[PDB]
Structures are given as C-alpha cells and as structure tokens.
Amino acid sequence: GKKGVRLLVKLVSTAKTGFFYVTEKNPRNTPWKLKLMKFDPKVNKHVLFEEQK
Amino acid sequence: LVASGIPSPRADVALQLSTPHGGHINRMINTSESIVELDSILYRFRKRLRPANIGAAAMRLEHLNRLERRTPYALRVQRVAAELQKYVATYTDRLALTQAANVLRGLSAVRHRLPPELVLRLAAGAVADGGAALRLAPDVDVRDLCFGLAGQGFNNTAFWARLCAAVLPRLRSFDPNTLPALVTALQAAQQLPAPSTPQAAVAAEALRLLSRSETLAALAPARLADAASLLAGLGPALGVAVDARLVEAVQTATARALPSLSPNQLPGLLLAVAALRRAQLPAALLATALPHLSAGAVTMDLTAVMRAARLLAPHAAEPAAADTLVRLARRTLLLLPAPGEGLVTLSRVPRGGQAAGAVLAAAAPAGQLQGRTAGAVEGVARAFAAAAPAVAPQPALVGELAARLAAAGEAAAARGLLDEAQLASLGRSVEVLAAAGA
Amino acid sequence: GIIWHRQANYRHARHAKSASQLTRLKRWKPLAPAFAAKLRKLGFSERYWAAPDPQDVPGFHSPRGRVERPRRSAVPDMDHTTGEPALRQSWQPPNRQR
Amino acid sequence: XXXXXXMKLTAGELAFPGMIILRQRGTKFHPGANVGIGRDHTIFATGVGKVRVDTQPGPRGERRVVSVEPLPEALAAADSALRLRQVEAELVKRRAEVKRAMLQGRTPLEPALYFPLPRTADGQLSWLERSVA
Amino acid sequence: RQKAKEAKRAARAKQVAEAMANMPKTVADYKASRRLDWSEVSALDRXXXXXXXXXXXXXXXXXX
RNA sequence: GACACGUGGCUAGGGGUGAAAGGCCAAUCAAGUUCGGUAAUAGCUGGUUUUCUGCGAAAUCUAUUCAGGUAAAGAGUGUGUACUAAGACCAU
RNA sequence: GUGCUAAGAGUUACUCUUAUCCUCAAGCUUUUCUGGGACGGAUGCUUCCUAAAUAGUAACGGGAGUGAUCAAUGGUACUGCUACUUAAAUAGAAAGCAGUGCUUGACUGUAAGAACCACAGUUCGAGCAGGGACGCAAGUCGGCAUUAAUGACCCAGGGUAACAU
Ligand SMILES: [Mg+2]
Ligand SMILES: [Mg+2]
Ligand SMILES: [Mg+2]
Ligand SMILES: [Mg+2]
Ligand SMILES: [Mg+2]
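Sequence lines, in order, name chains A, B, C, D and E. Using this note's numbering, you'd call the opening residue of the first sequence number 6 and step up by one each time. Using this note's numbering, you'd call the opening residue of the second sequence number 48 and step up by one each time. Using this note's numbering, you'd call the opening residue of the third sequence number 187 and step up by one each time. Using this note's numbering, you'd call the opening residue of the fourth sequence number 496 and step up by one each time. Using this note's numbering, you'd call the opening residue of the fifth sequence number 215 and step up by one each time.
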C-alpha cells in the first residue's frame, strides 16, 4: 500500500549481457545496495548482482 | 496438458509432427502405437489417402499386429486389411515397387490374401519392362516384394524367372541378411523344383554368399537361424557341402549370438545346427544354450516348446536336460486348457498395444486352437513320449499333462482340425504318458 | 485441424508468481471445443502466427526498396455502431449525423 | 472457491506416479513409503502400487501413515533400484498407450503445426522462442 | 554493416571475458565485506549476531 | 379606445411571434406539415399457414453495462465409434 | 463552431493566421443487486456455522480476517529448554521459545501424472539437464505449516538477442 514503502527493484549482473533478477526490497530497513550470488544463464556460472533501479 | 486425465503431448512426437514439410498422414501412421488408433487415423483421412499412405498403412498394420501377440485373423486386423485392399484395387497400376512391396508384405504377414488377378496385376506391373523396376529399387524392396509374392499364392514360375534374371547380377551388392528372405521366398512357392533354372541359380549364388566366413559372423542374430536352416535344408541339393569350415563358423557365431534371439527363435537355430552336423549337439554348446532354453521357457509358444522338446528328446538323463524338460512340461501345462483360467481375468484384458494378445493368450487359453497348434499338440505329445525319464519323476505332473493333451486332442478333433493318423499317434503318445503316470 | 493458443496470465506481474506457475504458463493449450467449433464454422484457417512476407526469399526482392517497411500492427477494435459485430450484442444507431 | 479437501484414492486402490492420494489442511495423514508430500501437505504417489493406510504410534497420538505398497509381480521382475525404475517406466508407457486407445483420437493430444519445429532449445520442447547469439 | 556487427560482438565478448576473469575477486570482496567475525565494534566483546549487525550497518554506511 | 372591423402586404421551423399561458404559427406543436435518407431502430409486444410417425428436455451452475438478454457447462435429437462396458443395480 | 479578447501579419478602419478565459448554440454520457422503487448498504480473495458425518450446497443469513510483512521471518546443518504457534479450522516435541556456522534454490530450461474445472485461468508435482548452497553423510533447497495478500488482454516504457537500413 501507500503506507508500505517496500518496492520492486532490479538486480543487474556484474558479468555482462544484462541478465537480471527483479526482487522486492524495503528501502528503510535495507539501505544497502542489494548484492547476492545468483545463476547467470548467459555464462552458466554464478556471478554477483548489484541493485540498480 | 488439456484436461487433467488426457495425456500431455510427448516431446519427440510433437517435435516430429511440427514441421513445415509435407508428410503428415505418414507421420501420424508411424506414431500410431496400436490398432484402432491406426484405424481412427485411416478413418480421419479416408478421403485423403494416396499410394504412399497406403504403403505406410500396410507396413504399420504389419508391425502393430506383430507388436502385440494377438492373432492376425482378428476382426480388427482383417477390417484394416480389407480397407487397404480397396485402395490397392483403386491404385493398382500407379503403385511403384516400394509401395507395391509395402502393401504385398503388409497384407501377406497379416495373412489377408488379395484376389489373384490383383496379385497378377501387381506383379506384372513390377515386370512390365526390361526389368528396370528391379534395378532401381534397393535390396529391402526386393526382399519385401519376394516375401509378399511368396504369400498371396502366386507360384507363377514365369514371373519368378524374370525376377530372378533381374536380381541375379545385383545380388552380391545386397546386404547379407536379406538373402535368407529371398531363398525362403523361392522355397515357399513351388519354385526350386525336384524336392526354372535362373531361380535355382540365384538361390545357389545366394547360398554361396551366405556360406562364406566373415559375413556369417556379421549377420544379425535371428537371421543366422534362418540362414542355418536354409543351408541345412538345401546344401546337398544344389549348393555347398559337408565341410567343417562352415560348421565351425556357424557354431562360433552361434555362441556369440545367443542372447539376442527371442525364445521362439532358439530351438529353430539349434535344430538347424543339429541338421547341419548331420550333413548331434556338440560339447559345451548345449551347456551354455540350455540356461537360455530354461530362461526362455516361461514365455514360449507351443510349437517352440515342440522344437525344444524334440531337441531335448535324444538325451534326458542329464539333470540340466531333465529340469529344462520339466520346465517345458510346466509351460505346456500352462498354455493348454484344462479338461475339467485363473492366471489373469478376461474382463481386464488390455485393448492396448504391448502384449495385449499375450494377456489374451492367458485368461482362458482356449480359443487359441488354430490348425498350427492343432497339429502341434500331436507333435508335443510325440516329443514328450520320447523324453520319458526326465518328467517321469513327477507322476501327477505327467498325468495332468496327459489329461490336457488328450482333452485338447479331442476338442481339436471335434473342431475338424486333425485326422486319423494324427489321432492315432496322439493316442499312442498319450497312452505312453498315462502308463508312465501311474 | 486443432486450434491452439498461448496461455494467458504470463505477460506481466511475474514477480507475484511461483516458478512452477510460470513454467506452466509458458506452454500452449488447445481451444475449448465449443469456441473452436464457432471459429472453424466462421472460417478461421490461419496456419501461421503472422503472414510470411513474399519478399526476404532469395531471388524475390524489391526493385528499388532495399527491403520494405514492416508496419507493426495494433490489435484494438470494438464499437457498438461500426467495428466488430462479434464483440457487440446489438447495433447502436449513430449520434445524430450532425 | 469450493476448496475441495478430502482423500481421492482410498486404501487398496492401484496408483501410478504423480497421482494425488489425498488433499488436506495440515498433516492429518503423514507420508510413508513411495509417497511424497507437497507444500499444502498434498500426498502424491511416487511409485506404481496399491495405496495402504495404516495407523502407527506417533509423537502426539495415533499417527495415520499413508503409503503405497508396490505390486508383488513388481519386485519379482526387479541394482534393485535401477530394475524397479525400468519396470515402472514400461508400466507408465503402457498406461499412456491404453489411455490413448480408450480416448479414440477425439482429444487434441499433440501440436502438429505447419510451423517450423515448435521452438526447440538445446534441450528442446520450449513453447518460448529465444534468439541465439 | 556486418563488419560493424562483428566488431560489436567481439567488444561485448571481450568485456564479458575480462569481467569474468575479474569476477572471483568481486565475490571475495563482497564475502569479506559481509564477514564481520574479527575486530568487533569495541573491546567489550560481550551476542555474536548483535555485534554482527551494528558493525555491518556501519560498514554499509561506510561502503555505501 | 392599451378600441373594433374590412382589403392587400411583411416576419417561417431549432425559426417566427408572444401585456409571457410551454401560448399561438390552418382541429395530433417544450420543436408545424409534406417529401427524401428509410425497408431507420426496437435484447420489447403481437403473429408464423398441410398431415402422419419416432425420440424427447429445462427452469441448475459460471460469467456478463449483466441478471425478462446472451454465451459456456449440465439435461435433448440425429450420426459415428466402442465395450457383455469409461454403464446401472445387488452381494462380499 | 459563435460572440468578444490576446499575439503576429497584410493592404500601409478593414481582413487573415494562431491561441483562450467568460457568454451563445450544440454533441455526448449520466451502471447493477434490491421480498416494489427511492434511501441506506455492498460488488476481489481466505476461514468458521448454516451444510444434513466423501465432495458440494442458498438467502442485503450469522461471527472473524485480508489487498501484507521479512535480505531475514528464505535454504541447509546443528545447540539449550518445553506448554505455546494464528484471522479461524486442520495441524505442529517443533511448523514453539531463545540462539549459532555458512549461504541465496527468493535459480536457469523443463516435467510424466493428478486435484479441480463452463472457459479463461487456479493447485500439487516425483523425475531429467545446467550451474550452485548446506551437510561426514543420509539427503534437503524452484521462498516462509497450509488455506488470503496473484488484475486478463491491449497500450506504454526498460535491458538483452537476432535480422534489417
Ligand atoms: Mg424537421
Ligand atoms: Mg426439472
Ligand atoms: Mg437470466
Ligand atoms: Mg490485489
Ligand atoms: Mg521493446
């Protein structure tokens, strides 16, 4: 809702080729840039994914 | 997945069917895995069938009838055969040698005989030239044509002369396992006389091709059984001789091709090599083929248990031969109806594809009494009267075996399938078994 | 002769759906028999998603166009007076004609 | 809505892999041999066999354990795990052929399009076309 | 035009190969920045997860 | 007399005229009459014309600018296919 | 469109072009359920009673919820203690209460078979391939004990890939 500040945001790969994961995040409770190791099908190896809008 | 109980589309079948290419009806025929499935495909496209589709339908009817273990005289098979016979009569001069060979082999292996003027048209269309049809067609088409025309009657002996004159220069370029079908087709008609001469010449050159080493070790299994039978039946009459090179090659390749024969093919091959050594069963070959004979006796039809019982007739005192023979005794007890089924029930017989006729072979095994098994109960009776001391340890078993042999003989004599000589031999064998049974 | 279509509920909002649900919605399903019967009687015989261009075949090319202009097509059409009688129950008379 | 939640296949009913045996809210019935359990505690069969419902001692009280007992003609045609998988595969293939024979070509089983092969990945069978480098 | 297309394909292949070579250092940097079990918020030390959140948020503000 | 009458004339329809009443404008005027578009439109009402024979429902359910309309499912008929059944009862 | 107005332009008051307040003349809209209509109330989804011991079952019939939260409240492997966990029902020696060590399976491509069901959709799903996580292993992991938090298509926008100009 409008009171709930949690939004959907995008996780862009470090490797290249722009594969991404869209996952939700709380801005207030997480002012990190969200970084997780996820599978990248273009390279078929796990790489890192930082948060960009 | 349409509606949760309807089968989801298969992967390779959807990949094969979704093409820009033509050939949809033949691909639907080739993915039909049972009989009225094929009949519904022939019903859906009955205003759309062409000669290629008729050839594919005949071949698929042949394969699906052999794929189950149900008789070719079933009403479903005969209806599909007559429906294809209508289109064969429509396109009787348009069919090329591929399609004519397809429809002839497919309608002969389901034992549906065409009208003989149609067979005459379909063979004269194969030879209405300077033999040019039989020189542009591959070896499998000639094999299927010969197998189809060995059925449907048609022992014309003038058509066969020009066919054998056309196939004789091309025969050494053939793949070496289509040769036994050619020799069997020549023997199956009234050709190869004195139990004209280009037929005997091409049979002799085919058996000269089959007799050699380095190919006889390269035939497929169950083709070496027919090749060994043809050699043992036609060696001294026309072709190759007694010589131990051939018998050594046959025994060596038989020791390698043992597991790849179905249990209905093993005793034919072993009687073939027994006839080969008389032109016997040598050491350390029976001791490795007999575990296969015991392991194949659980699923083995009654003429095959004849051939195995005749094979194990001249020696019974050996314990491995003895319990193999009591395994065949229990098998013959199983598939022959009681004089008074209970294995499976008749209400649950599959209408499906895989071995549905085998389930119908159990669940009241009466009704499988055709003429082949009608003479074959007499043959099995003789073969078990020959093998006394192997089964005679079991008194009640051989007594019930004699009861079922006598019951089947009386029933099939009532059906008109036996005569007085076979009845007398059956009576002698059943009184020998019943005297041994008490 | 079966009429096939892609499954709906897959264009957007894929974050709120499970992995199995998204895998299930990628598949195609045949139309229901009643709807398929109406389309078959209406005369629907489309063998391709879009018509293949007669150009782009080797040897069959424009005399002066390097290729051609594609013109991406839209799919909205519903009015109770003029377009798509299939998408309206009745016909509405026009608005006074000036 | 309707939310139908009951037991679909009773005890002594022959089951095949994937068939839902019971649908419940919470583990009223607990999974046993040759039986899987879903997210919503749906009990589904992972082997060909007759369903058996037996009661066993439990942590709170009288646990009911739902199981699938394999056929006695299976485990005789079957190291053992590979042999069972081969026997189950043939039974599953036979079931499909019998079902296709009983539904006499009156349902739309396979795509058969006039199009180029339905989109195929290296694995194949994708109803999703994806452009390749 | 195809020469420009192959040049773009080679350039993107080159950058993905270089980043894939650099990539083990990037996961090690991320894993080290999340790891906190050394040099705690103070010399008090006295509870592991409580000390593994305040420093992590302080490092997140430092590494923002 | 802010009168009445007679004879021609002028203002005409989304317009005229009105000491103003939704009044009058050739006996149906909050939009004249006639002709044309026009065989307008009407999920509404009414009606549908010779005979015999066989079979024979439904008024539930879901969706709907939709609940007096429509479409799908259920229940009907003809045709095809196929089981001693994907059927009905009864017993254990 | 119409009347004034604004800003440019022409013959050089008048006329043209463009725009827009306030007037005049029009053209279009202005749902539905309802023991009549109006008024009031409601229109998704989940649970409990009706609902009659498979399932299912109505009424502006009766009582609680919900349009989320959480980078841990996810996954995996463990450590202590024992009457709670929640919207209700079914359940739970952990699916409860406090903790830890690593991690992102809160994946990529699929999936036989079923529940359900007018259709669209909805629900479970063993198994296979890839690359990974935890665990000595056994083996689990395609978000959270489940049932709510899931708005088609069109249109518009973004990343990437192929073809084209
Ligand atoms: Mg008018
Ligand atoms: Mg009624
Ligand atoms: Mg109604
Ligand atoms: Mg919502
Ligand atoms: Mg785009």
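Ideal placement from N, C-alpha and C gives every residue a C-beta, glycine not left out.
Through-space distance from residue j to residue i, alpha-carbon basis
i        : j        : result
B/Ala170 : B/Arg182 : 15 angstroms
B/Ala304 : B/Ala437 : 28 angstroms
B/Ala58  : D/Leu612 : 11 angstroms
B/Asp176 : B/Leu167 : 15 angstroms
D/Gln519 : C/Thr209 : 25 angstroms
C/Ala220 : B/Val127 : 32 angstroms
D/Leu586 : D/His525 : 27 angstroms
C/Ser204 : E/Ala218 : 41 angstroms
B/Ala105 : B/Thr225 : 20 angstroms
E/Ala257 : E/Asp251 : 13 angstroms
B/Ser341 : D/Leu504 : 41 angstroms
B/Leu332 : B/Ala302 : 7 angstroms
Contact set for residue i: own chain, Cβ-Cβ below 8 angstroms, skip 5 residues either direction
i                      : result
A/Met42                : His51, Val52, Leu53 and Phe54
residue 499 of chain B : Lying before the first or after the last residue shown, residue 499 of chain B is absent from chain B, which here runs from 48 to 485.
B/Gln327               : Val320 and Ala321
A/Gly23                : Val17
B/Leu285               : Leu239, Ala247, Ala250, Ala251 and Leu254
C-beta neighbour in chain C for residue i, strict 8 angstroms
i        : result
D/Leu623 : yes
D/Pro603 : yes
D/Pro606 : yes
D/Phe610 : yes
Chain D contact for residue i (CB, 8 angstroms cutoff)
i        : result
B/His110 : no
B/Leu407 : no
B/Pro163 : no
B/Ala410 : no
B/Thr118 : no
C/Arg252 : no
C/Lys212 : yes
B/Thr66  : yes
Sequence-distant residues of the same chain with beta carbon closer than 7 angstroms to residue i, five excluded per side
i        : result
D/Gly542 : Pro512, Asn529, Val563, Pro565 and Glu583
B/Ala410 : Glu388, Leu390, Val391, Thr392, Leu393 and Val396
B/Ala432 : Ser476, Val479 and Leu480
D/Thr522 : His536
B/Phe92  : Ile72
Any chain E beta carbon closer than 8 angstroms to residue i
i       : result
A/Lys40 : yes
A/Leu53 : yes
A/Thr28 : no
A/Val17 : no
A/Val48 : yes
Proximity test, Cβ basis, 8 angstroms: residue i and chain B
i        : result
D/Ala591 : yes
D/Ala596 : yes
D/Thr615 : yes
Neighbourhood of residue i by C-beta, 6 angstroms cutoff - its chain only, sequence neighbours within 5 removed
i        : result
E/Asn236 : none
B/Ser276 : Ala319
B/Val352 : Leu375, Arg378 and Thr379
B/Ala360 : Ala430, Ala433 and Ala434
B/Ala454 : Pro386
Short CB-CB distance (under 8 angstroms) between residue i and chain A
i        : result
E/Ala233 : yes
Problem set entry | Meets three-Cβ-pair contact criterion under 8 angstroms: the stretch 305 to 313 of chain B and the stretch 276 to 285 of chain B | no
Exercise. Can we say the stretch 133 to 152 of chain B touches the stretch 101 to 109 of chain B, given the rule of at least three CB pairs closer than 8 angstroms?
Worked result: yes
Exercise. Can we say the stretch 233 to 249 of chain B touches the stretch 204 to 216 of chain B, given the rule of at least three CB pairs closer than 8 angstroms?
Worked result: yes
Exercise. Pairing CB atoms from the stretch 604 to 618 of chain D with CB atoms from the stretch 53 to 72 of chain B, are three or more of them under 8 angstroms?
Worked result: yes
Exercise. Between the stretch 78 to 92 of chain B and the stretch 236 to 249 of chain C, are three or more C-beta pairs nearer than 8 angstroms?
Worked result: no
Exercise. Quick one: any contact between the stretch 118 to 127 of chain B and the stretch 66 to 78 of chain B, if contact means 3 or more CB pairs under 8 angstroms?
Worked result: no
For this session: Could you tell me whether the stretch 194 to 208 of chain B touches the stretch 141 to 156 of chain B, where touching means 3 or more Cβ pairs closer than 8 angstroms?
Result: yes
Exercise. For the 8 angstroms Cβ check, are there 3 or more pairs between the stretch 66 to 73 of chain B and the stretch 587 to 600 of chain D?
Worked result: no
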